[PDB]
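Peer 1: Take this structure, written in structure tokens, and hold onto it; I'll ask about it next.
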Amino acid sequence: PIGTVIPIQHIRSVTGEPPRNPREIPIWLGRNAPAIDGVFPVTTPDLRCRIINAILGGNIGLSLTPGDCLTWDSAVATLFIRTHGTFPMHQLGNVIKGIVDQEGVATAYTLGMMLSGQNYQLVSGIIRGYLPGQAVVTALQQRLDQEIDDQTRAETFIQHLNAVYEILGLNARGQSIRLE
Numbered sequence: 300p301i302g303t304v305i306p307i308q309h310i311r312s313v314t315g316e317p318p319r320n321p322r323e324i325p326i327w328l329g330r331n332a333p334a335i336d337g338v339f340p341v342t343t344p345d346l347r348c349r350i351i352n353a354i355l356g357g358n359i360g361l362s363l364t365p366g367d368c369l370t371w372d373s374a375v376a377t378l379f380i381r382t383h384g385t386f387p388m389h390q391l392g393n394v395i396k397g398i399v400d401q402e403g404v405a406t407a408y409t410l411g412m413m414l415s416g417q418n419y420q421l422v423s424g425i426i427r428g429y430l431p432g433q434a435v436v437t438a439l440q441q442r443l444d445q446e447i448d449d450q451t452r453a454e455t456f457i458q459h460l461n462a463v464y465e466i467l468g469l470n471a472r473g474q475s476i477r478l479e
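Offset between the sequence shown (1-based) and the deposited numbering: plus 299.
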């Protein structure tokens, strides 16, 4: 094969194979995508796409093509888009609602902006409402807002998210796991 043969099962091991529904798999990916990227260098667009579909194996129509999956964000979004008939930014509210509940605000934010196509702010607005501790909400709203660009806010949102999870020292939900 030209490029790199997909270890796939290695990747699936990273993701931990499909979760419950197909409809979950999109968002599910955006979580696992970086992890997949660990196994798989996914040095081509081709690769990226073949991984996803190969993960899920029997996914209805999420089976993207080696030309849509150039980024993980586009693919993950599209698989969800597959199952939810696509959205006119109507759905992102609900999309955020589901992941945050399941995985947490940081991840949901991530899918939401991917699903939304890098207009984080809308997804973020819903997300914001999903923060664990008001310190997190406030602080995030403060620093992540203040970023160097609009998308810098997009980029570092989760980092600040995790950051506030750091300073409050949570895993997320205002736990304060960290010693201090």
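We put the CB at the ideal spot given by N, CA and C, even for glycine.
(1) Report yes if the CB atom of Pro-325 is closer than 7 Å to the CB atom of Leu-391, and no otherwise.
(2) Closest to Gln-445 by CA distance: which of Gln-433, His-459, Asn-352, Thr-370 is it?
(3) For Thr-382 and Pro-321, I'd like the C-alpha separation in whole angstroms.
(4) Can you tell me the Cα-Cα spacing of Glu-323 and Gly-329, whole angstroms?
(5) Nearest CA to the CA of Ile-457: which residue from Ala-376, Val-436, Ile-476, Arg-477?
(6) Can we say the stretch 411-423 touches the stretch 334-343, given the rule of at least three CB pairs closer than 8 Å?
(7) Buried or exposed: which applies to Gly-468, given that a residue is buried once 16 or more other Cβ atoms fall within 10 Å of its Cβ?
(8) In terms of residue numbering, what span does the alpha helix (DSSP H) encompassing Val-338 cover?
(9) Are the Cβ atoms of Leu-346 and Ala-376 separated by less than 7 Å?
(10) Can you find the residues in the same chain that come closer than 6 Å, C-beta to C-beta, to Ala-374, ignoring five residues on each side of it along the sequence?
(11) Return the residue from the list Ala-353, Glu-479, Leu-430 that minimises the CA-CA distance to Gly-315.
(12) Any chance you could list the alpha helix (DSSP H) runs of at least 4 consecutive residues sitting entirely within the stretch 341-424, in chain order?
(13) So, under 8 Å CB-CB, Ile-395 and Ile-359 are touching, yes? Tell me the CB distance rounded to an integer number of Å.
(14) Looking at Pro-317 and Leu-355, is the spacing between their C-beta atoms short of 7 Å?
(15) Return no unless some Cβ of chain D is closer than 7 Å to the Cβ of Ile-350.
(16) For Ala-407, which residues in the same chain have their Cβ closer than 7 Å to its Cβ, ignoring the five residues on either side in sequence?
(17) Count the other CB atoms, across all protein chains shown, that sit within 10 Å of the CB of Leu-410; report buried if there are 16 or more and exposed otherwise.
(18) With burial defined as no fewer than 16 other Cβ atoms inside 10 Å of the residue's Cβ, what is the status of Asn-331: buried or exposed?
(19) Report the rounded CA-to-CA distance for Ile-447 versus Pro-300, giving the unit in angstroms.
Peer 2: Walking through what the data contain:
(1) no
(2) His-459
(3) 7 Å
(4) Each residue's Cα considered, the two are about 10 Å apart.
(5) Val-436
(6) Contact between the stretch 411-423 and the stretch 334-343 is absent, because fewer than three Cβ pairs lie under 8 Å.
(7) exposed
(8) Looking at the DSSP string, the run of the alpha helix (DSSP H) that includes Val-338 is 324-338.
(9) Not closer than 7 Å, so no.
(10) Apart from sequence neighbours up to five positions away, the residues of its chain that approach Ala-374 with a beta-carbon distance below 6 Å are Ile-351, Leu-363, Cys-368, ordered along the chain.
(11) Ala-353
(12) If we require 4 residues or more, the alpha helix (DSSP H) runs fully inside the stretch 341-424 come out as 344-355, 371-382, 391-401, 404-415.
(13) The pair is not a contact, with the Cβ atoms about 23 Å apart (cut-off 8 Å).
(14) Contact flag set, yes.
(15) Of the chains in the structure shown, none is chain D; there is only one protein chain.
(16) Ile-395, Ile-398, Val-399, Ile-426, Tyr-429
(17) buried
(18) buried
(19) 42 Å
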